[PDB]
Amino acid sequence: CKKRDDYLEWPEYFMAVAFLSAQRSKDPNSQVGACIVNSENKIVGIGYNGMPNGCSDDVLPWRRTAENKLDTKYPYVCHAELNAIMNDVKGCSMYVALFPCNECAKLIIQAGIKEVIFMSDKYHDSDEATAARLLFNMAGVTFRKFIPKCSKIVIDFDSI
């Protein structure tokens, strides 16, 4: 009687926590998650994109375009990376579904996170992503693309 060979390994596990957390998002157009892990391979912070604490997802607007900027989500929304850090984390790594914008890059650096592991870099050519890479390069923060062993993971509550 020996150990399992088919268990979930730690890299897929941490990114899966990020993607699971993203499913909590009330944003109809974008759901992103983040997971911060320390040198002990323990999770120290988790976040998803949404409105700030105490603020109703049925009181602030979710639309991406409007005549007045104040009628869009952008003045109000918190990115997954911000929420994970606000949930020390110095010498840690962040698993993220999407390469961080430059504003998140600032927080990541000031939080003392030394490594960002991303699933998608879909907006690589964006100003936001270009500024983020430059900040990480100057700060000595690693960023690398996650290459998963599997494309999907099933949580079955009836397995118990």
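The numbering used is simple: start at 1 and walk along the sequence shown.
- According to the entry, the stretch of the deposited sequence that connects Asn87 to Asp88 contains 4 to 9 residues lacking coordinates, which leaves a gap of moderate length in the model.
- As recorded in the PDB entry, 53 to 61 is the stretch of 53 to 61 and 99 to 107 with the greater mean C-alpha temperature factor.
- Legend: mean Cα B-factor per stretch from the PDB entry, 146 to 154 versus 11 to 19; the higher mean is in 146 to 154.
- Compared with the other modelled residues of the chain, the Cα B-factor recorded for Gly47 ranks in the lowest third.
- When the modelled residues of the chain are ordered by C-alpha B-factor, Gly33 sits in the lowest third.
- When all modelled residues of the chain are sorted by CA temperature factor, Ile117 is found within the lowest third.
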